[PDB]
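Below sits a lone chain in structure tokens, taken as the form deposited in one PDB entry.
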């Protein structure tokens, strides 16, 4: 059942994170430095979920510490959301990567659907533990983990969604991943930043 047996029977986030350090639910634990669990407390009303820890996250032991995390910090501030009141995590908790000759960083490789399904028990334990009012899904992998493998982030922008098989029926808001707004023509990046702010504001408004 993937990571299921590695998940202990607790809602204590420090205990879950320690256990995630021992997970072998898929092959990704082998080459990753460490498991990167979510950060934040169980009082959090807003949960945010990216794809996976990237290069910086793999070594920091924390989510959203890179350029993508800093852009998200700028978006959250513009949306009047405090990052300390958020629970932030990723669909899979081990960095999947390769290197290219001459590169300046390790390159993220897309988790397969199998890896996403294997690791989802941790996501479920996190949601059980935090009981968020709203889940922001940042990018396609995270959105598909909860909304199904055919889901298209691009076709449901700014929509409050609810699926039946999700812990605590929280509202779900699927949006672009902060990494997508780092490059491109200035006017498209600025339009996209506004869209992300809008989606974050939709999520924060959820009753």
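Positions refer to the first chain, counted from 1.
The same protein also has a form solved in complex with a small molecule, omitted here; what follows describes it.
When you look in the deposited complex, the only residue of 156, 45, 144, 177 with a non-hydrogen atom within 4.5 Å of the small molecule is 177. Although the partner is absent here, residue 63 sits close enough that one of its heavy atoms falls within 4.5 Å of the small molecule in the deposited complex. Remark: residue 38 does not count among the residues lining the small molecule in the deposited complex, judged by a heavy atom distance of 4.5 Å or less. In the deposited complex, residue 50 approaches the small molecule with a heavy atom inside 4.5 Å. Contact check for residue 170: no non-hydrogen atom falls within 4.5 Å of the small molecule in the deposited complex.
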